[PDB]
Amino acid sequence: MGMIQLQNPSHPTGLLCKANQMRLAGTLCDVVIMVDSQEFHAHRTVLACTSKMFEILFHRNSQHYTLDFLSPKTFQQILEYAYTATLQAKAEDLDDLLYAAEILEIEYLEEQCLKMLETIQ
């Protein structure tokens, strides 16, 4: 037969951009991540699609999830990466980020943190 196809190469990027604007306004946020005192509002789908650990964690439903293997600062860093595809940090945060990245099982961050730590080394 005959088919028509429309493909928007910007859609993934546009969708994540809007999710990030929703997270900053609190719109449709359905999970709170608790690190030390601080609360981080976010969307389960974005965190579960970024971290295999969160996808596994949310197997057990609750409104709040407490993480204590990392600081609020490291979590914010990874939360921004999940919602924008970029992470910014200080060189002294690399060991903290690698460890969080391995536990959360976010392949890109573990691979890149390792590669940066090793070439410096």
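Start at 1 and count along the sequence shown; that's the residue number.
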{"query": "Stretch with the higher entry mean CA B-factor, where the candidates are 52-60 and 76-84", "finding": "52-60"}
{"query": "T45, C-alpha B-factor rank within chain (lowest, middle or highest third)", "finding": "lowest"}
{"query": "Third of the chain, ranked by Cα B-factor, where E105 sits", "finding": "lowest"}
{"query": "Chain-relative CA temperature factor third for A25", "finding": "highest"}
